[PDB]
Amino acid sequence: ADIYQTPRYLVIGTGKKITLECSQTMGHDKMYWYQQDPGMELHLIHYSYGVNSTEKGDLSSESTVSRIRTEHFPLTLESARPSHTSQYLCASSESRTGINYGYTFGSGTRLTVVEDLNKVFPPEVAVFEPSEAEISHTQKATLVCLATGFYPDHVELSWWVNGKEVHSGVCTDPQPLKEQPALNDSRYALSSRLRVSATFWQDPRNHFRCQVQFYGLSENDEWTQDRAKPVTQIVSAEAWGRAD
């Protein structure tokens, strides 16, 4: 019946308290916290045998776990440092046999702790209209969306045709790319594609919006710079079908 963790993404400054929630309704007795870097490997940091059981894992972090109810297994970081930037995965399991064992997993929280907040940047978003050469030769029209200059990593791109989200005919890069690969704190870019029939794009009354959801600073996080505060926000670009 699933296993939920919040929040999906988090960017914060250093020296701040983080709590990562993890709950399950299946009623399992064993729960686990795993950490996974952009290295690629999973590492066990906490596990619990039940209520009032908490246990240190394979590799020692400065984080704490609490188990006051079978359902919840929260994880606290008392003070954040860049050292903490990683993905944190919650899991659970049963103690009775018949398709015995194997863990169920949450979807993880992706956390980044930033030394310098002046590094955080929202994306610029632009929509490029389909080529008339393509349309001519193929009877299809491919729109491209481009999100540039954002930092850190955490965005979610979506397409909206006439006000409703679409998935048919869409492709998005599996991962952002680095605008300046040799820089630790390099900003990122991401592209998407949306293909429709030419007759559809040629209807001047259709409306197209590329939406990028950005995970960033919080309302109150200190900020003394001239650009607008790079808070969590949505950045959109839009375009209209062209009668031809």
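Sequential numbering from 1, following the sequence displayed.
- Look at the C-alpha B-factors of 137-145 and of 91-99. On average they run higher in 91-99.
- Relative to its counterpart among 127-135 and 102-110, 127-135 has the higher mean temperature factor, C-alpha atoms as listed in the PDB entry.
- The PDB entry assigns the greatest CA B-factor among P181, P38, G216, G50 to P38.
- Looking only at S186, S197, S61, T70, the residue with the top Cα B factor in the deposited structure is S61.
- Among the modelled residues of the chain, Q175 sits in the highest third by CA temperature factor in this PDB entry.
- Remark: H28 belongs to the middle third of its chain, ranked by C-alpha B-factor as recorded.
- When all modelled residues of the chain are sorted by CA temperature factor, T54 is found within the highest third.
- Among the modelled residues of its chain, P122 has a C-alpha B-factor that falls in the lowest third, as given in the PDB entry.
- In this PDB entry, the Cα temperature factor of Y151 sits in the top third of its chain's modelled residues, the highest group.
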